[PDB]
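Start counting at 1 in the sequence shown, then tack on 560, and there's your number in the working numbering.
To keep things clear, I will list the structure first and then write my remarks on it.
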Amino acid sequence: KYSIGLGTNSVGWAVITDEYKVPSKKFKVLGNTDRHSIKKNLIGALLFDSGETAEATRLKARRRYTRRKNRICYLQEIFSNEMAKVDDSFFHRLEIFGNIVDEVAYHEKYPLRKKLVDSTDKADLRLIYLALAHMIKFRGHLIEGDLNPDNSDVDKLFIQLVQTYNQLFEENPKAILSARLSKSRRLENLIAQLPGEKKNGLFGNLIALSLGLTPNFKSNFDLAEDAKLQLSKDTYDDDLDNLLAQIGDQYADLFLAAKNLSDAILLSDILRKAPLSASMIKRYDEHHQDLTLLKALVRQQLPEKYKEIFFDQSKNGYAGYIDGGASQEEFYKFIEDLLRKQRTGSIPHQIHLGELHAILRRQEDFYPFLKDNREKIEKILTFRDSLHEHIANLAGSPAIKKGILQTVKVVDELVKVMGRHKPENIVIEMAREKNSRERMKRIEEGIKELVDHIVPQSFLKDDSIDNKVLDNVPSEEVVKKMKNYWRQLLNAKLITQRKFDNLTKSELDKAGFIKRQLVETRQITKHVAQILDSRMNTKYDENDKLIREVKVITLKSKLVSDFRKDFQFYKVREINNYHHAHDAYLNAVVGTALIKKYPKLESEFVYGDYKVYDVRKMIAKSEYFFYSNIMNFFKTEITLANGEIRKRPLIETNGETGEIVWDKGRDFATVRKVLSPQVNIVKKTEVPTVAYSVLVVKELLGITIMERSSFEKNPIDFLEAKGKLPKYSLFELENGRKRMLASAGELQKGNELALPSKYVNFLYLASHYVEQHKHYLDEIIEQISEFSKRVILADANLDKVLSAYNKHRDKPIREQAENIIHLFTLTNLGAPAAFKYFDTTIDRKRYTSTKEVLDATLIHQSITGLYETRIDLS
């Protein structure tokens, strides 16, 4: 029936039919004003700011402590009966033994895991409980499947990290990592293998975070405040969140790919029973014998500094190392496998479960009840508000996962908007929205070292430089003789590695082409898909998938940006919040046709477990598609390098199913009927630093952070002594004029300017230069001037605006409309902003007089704005 497609400060949403109609639906208005409904399309955006609110706190050590306490409590619930049979008070004395002799004996002898592993003799149950407690306390860290050689393979997950980094930067894409060398040495050795990468780079810092350093990604993304990261450190989730939400959500699973690389390196250094338990034999032996030998040598040589080493907690020695708040790095400096601590990459649960298998099997015979609970104990370690926690568990804090916190709330009521009906496709994407410096850097490096698609659009829509170069099948072998020149561009970094292939790339050439467009490397969208797939599929699949029942699609926005340029459905951002809505419309337009046309490609871009069909089988000879592009059938005509044009059918369908998937004579008509002006654009209301101003009975008085607490306790006395309207509260008056409450001292524009698509698409065509249509320009300015008088109320500035167009009327249609785009900033909802219109500038105002609000109508909007409670007092 329908479909849905979905930044730092905006969340776009839209709804789409098979013919790409955005539904026009009335919305009930429950306010006392003479307004019962509004005709708005099922499209829009949600804007938000990054501020310290309740949600900001909710999406940011205590919860980790409670999780570990719950895990150990679940273990103790099983252990308690036999524990009381052995030692009743052992559990309570933990934050070791109840008597001095046993305690001291355990102190020199075992100040256990691999004795439960190797020794077959029956051991004390206290010892097993302690072993399992340290099993489940430091569980570690991402893999649903069982442990296999594939998880550990350093090459495999390093390559996975390289792909996730390279397909996030299309312009700029074991013996070393598992070596028993210094972490800095391993990092330098890895960096030396990749030219053009520095230690301070994002990739060098990610490798270090996989290795053990303390990378600071602030220099990698130009932040103002420190962004220390440390996997071993407890609060790595919170610090990771703060950094990535300062710098954008797209790198979250880049960082998590680094995290899994660290996991792989740990597993690798371990397995070459429970080999981590052999590694802790190494750790314990070195630590304890080195401590004893140091004690002996200090006794024999420096008796005075002995007490400083072993008994002065305040000083920087071992005494402060173990019992005080002293780090290892200073301790080694005062005096890396010498004296490693108990609370120290978080060892993968694949390693730990390897011990749970090793420990329990070696002792399952002697204790029958532990053998019976073999599978349960495995589930204890590997099992997992909660949704607020998981986004906190993801690699992003509120700052930009506020929208990803919103995008769930956006979609959750969007389900209600369409009457609980479920969408077929939900396309999501994340990209930075500084690239001009990027294209400059490669040119500087490429020169220092020393238009047509390489593969045409018939095989895939790739207008990026990786495919663009300034017969029908890719470059012929006659052209392949130029590869000597292509090699000089590869080593000069003027071209990427895959481009060196694609130029020289039959069917094996086309096999990788489809995958890149559809396979999604941004797994944050997969994590969002996981959230979408978990919240949608409560009815778990019976077997072999465990999940089905309505799809989650993650297409790249590249299938949209190409879709915009081809068929006259262009986008202008600064006009209004429709451009996010326009992308959210042209996002899922791709989804409806692609799946019904190529169901075999489902596994490549849709969430869930599916049969991996051989792409070689689907690609055929010159006689679904021979030409590999999934979006060829959108065009009626196919363009090749030679200039020969391949015809296409008027109506497209799927051969193996027979369903019509594409109506060229009818679907193109409906799309233009979409972009042409009432749309659900909703600004979510959110709670000497004043928080919010409450109406007083009439005037507004601000409440600082301190006063609110006393306000909730005794509001009457607090109101009496001086003599909730949240920030950006919708304030409407007279002919649709709208205001938002910036503070007690200022107001904001709440009126969104709209344009019928003829006036929209023209602006992009003009700005990116139909010259007979110069009469559209006068109407646009007139429509702007008419819009300015009704709601903006800046008649002093507006007179200059109308004059300025008269001064520069001789200028071309292009530059004129480009300055019109900047002129649109005056009308946009939100904080007013100064701008330049031709030479004429200023055009800025501050609605400090808020007296209108006292008699105005408030409109308390939901996130989608459907349920409005308009209370007008006057």
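Quick reminder that beta carbons are idealized off the backbone N, C-alpha and C, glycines included.
Residue i versus residue j - alpha carbon distance
i       : j       : result
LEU690  : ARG673  : 9 Å
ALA1393 : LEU1386 : 7 Å
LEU754  : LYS1053 : 12 Å
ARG1082 : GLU663  : 52 Å
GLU1246 : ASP798  : 23 Å
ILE1241 : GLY1425 : 8 Å
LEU1115 : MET978  : 23 Å
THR1249 : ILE1373 : 48 Å
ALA1180 : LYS1160 : 14 Å
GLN873  : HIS847  : 19 Å
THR1410 : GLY591  : 22 Å
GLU655  : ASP648  : 16 Å
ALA1326 : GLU1378 : 8 Å
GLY658  : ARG686  : 12 Å
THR724  : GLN810  : 10 Å
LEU974  : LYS1111 : 16 Å
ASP801  : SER957  : 4 Å
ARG922  : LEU836  : 16 Å
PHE1384 : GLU1292 : 21 Å
Which of helix, strand or coil DSSP assigns to residue i
i            : result
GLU1294      : coil
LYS1086      : helix
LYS561       : coil
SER1121      : helix
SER738       : coil
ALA1304      : coil
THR680       : coil
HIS1420      : strand
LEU1050      : helix
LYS1287      : strand
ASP1223      : strand
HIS1333      : helix
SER584       : strand
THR1213      : strand
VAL987       : strand
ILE660       : helix
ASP713       : coil
residue 1470 : Within the shown structure, residues of the chain are numbered from 561 to 1434, placing residue 1470 beyond reach of any answer.
Beta-bridge partners of residue i, as assigned by DSSP
i           : result
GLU1197     : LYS1207
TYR1397     : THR1400
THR1264     : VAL1250
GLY1390     : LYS1309
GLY572      : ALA605
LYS1243     : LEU607
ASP1432     : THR1417
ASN995      : Paired residues: none, contrary to the question.
residue 505 : Summary: the structure shown does not reach residue 505, with the chain confined to residues 561 through 1434, and so no result is reported for it.
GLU1259     : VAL1256
Contact under 7 Å by Cβ, residue i with residue j
i            : j       : result
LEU791       : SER906  : yes
residue 1436 : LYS585  : In the structure as shown, the chain starts at 561 and stops at 1434, and residue 1436 therefore has no counterpart that could be examined.
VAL987       : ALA1148 : yes
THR1400      : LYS1349 : no
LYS743       : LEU773  : yes
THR1417      : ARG1430 : yes
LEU941       : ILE1265 : no
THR1152      : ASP578  : yes
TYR1252      : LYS1284 : yes
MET990       : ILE1084 : yes
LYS833       : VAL677  : yes
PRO1316      : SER1236 : yes
residue 1436 : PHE587  : Because the chain in this structure spans residues 561 to 1434, residue 1436 falls outside the shown range and cannot be described.
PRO733       : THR1056 : yes
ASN1137      : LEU1313 : no
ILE656       : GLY808  : no
Within-7 Å CB hit, residue i to chain C
i       : result
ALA1201 : Here chain C cannot be found, since the structure has a single protein chain.
beta-carbon residue i near the ligand HEM non-hydrogen atom, thresh 6 Å
i      : result
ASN985 : This structure simply doesn't include the ligand HEM, nor any ligand for that matter.
| request: Tell me the start and end of each unbroken beta strand (DSSP E) in the segment 589 to 626 that is at least 3 residues and wholly inside, in chain order. | output: With a minimum length of 3 residues, the unbroken runs of beta strand (DSSP E) contained wholly in the segment 589 to 626 fall at 597 to 607.
| task | Entirely within the segment 881 to 906 and at least 4 residues each: give me those alpha helix (DSSP H) ranges in chain order. | result | Qualifying alpha helix (DSSP H) stretches, in chain order: 888 to 894.
| field | Runs of alpha helix (DSSP H) lying entirely within the segment 1114 to 1193, each at least 4 residues, in chain order | value | Entirely contained in the segment 1114 to 1193, the alpha helix (DSSP H) runs reaching 4 residues are, in chain order, 1118 to 1126, 1138 to 1157, 1162 to 1165 and 1175 to 1178.
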